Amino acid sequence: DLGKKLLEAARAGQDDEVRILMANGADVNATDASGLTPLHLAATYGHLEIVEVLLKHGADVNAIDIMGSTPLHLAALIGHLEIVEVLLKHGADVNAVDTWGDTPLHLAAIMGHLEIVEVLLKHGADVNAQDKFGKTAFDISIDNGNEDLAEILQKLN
């Protein structure tokens, strides 16, 4: 199966094998056993060109794996700024909620990705979105003592 092969290529960042595999009819929206698609994999592992190509050819920007993780969750978690911007440009849901009640804003804030937090806020990240323990990205910034993050999270108006 070419679906399995495309998942491996996008993960490893093999741009050429991604092109070749798709050309032979590989499902651009194939899923592994946990529901990750080539797009979740390229977005996690920072392959910008692969993300752009998948999106240009039918990849569902808001596909969820078994845990509710969208490609945006993963790019916000890992700190890939250009990928976050490309996903948002392609209609990524800024406020997608996974199984832990996390949104991309929670993940960028936990990981200290400040530029991504600012980008997400400008695209309408919900500042009041609570995780399974009732925490917002702001509650995280204040319980952590992260003043720089607290400042950006309050700047709204």
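Note that residue numbering follows the sequence shown and begins at 1.
Peer 1: Between 6-14 and 137-145, name whichever shows the higher mean Cα B factor according to the PDB entry.
Peer 2: Of 137-145 and 6-14, the stretch with the higher C-alpha B-factor average is 6-14.
Peer 1: Mean Cα B factor from the PDB record: higher for 96-104, or higher for 27-35?
Peer 2: Looking at the recorded C-alpha B-factors, 27-35 comes out higher on average.
Peer 1: Among the choices 122, 132, 40, 57, identify the one whose CA B-factor in the record is greatest.
Peer 2: Largest recorded C-alpha B-factor: 57.
Peer 1: Grab the CA temperature factor for residue 50 from the record and place it in the lowest, middle or highest third of its chain.
Peer 2: For residue 50, the deposited C-alpha B-factor lands in the highest third.
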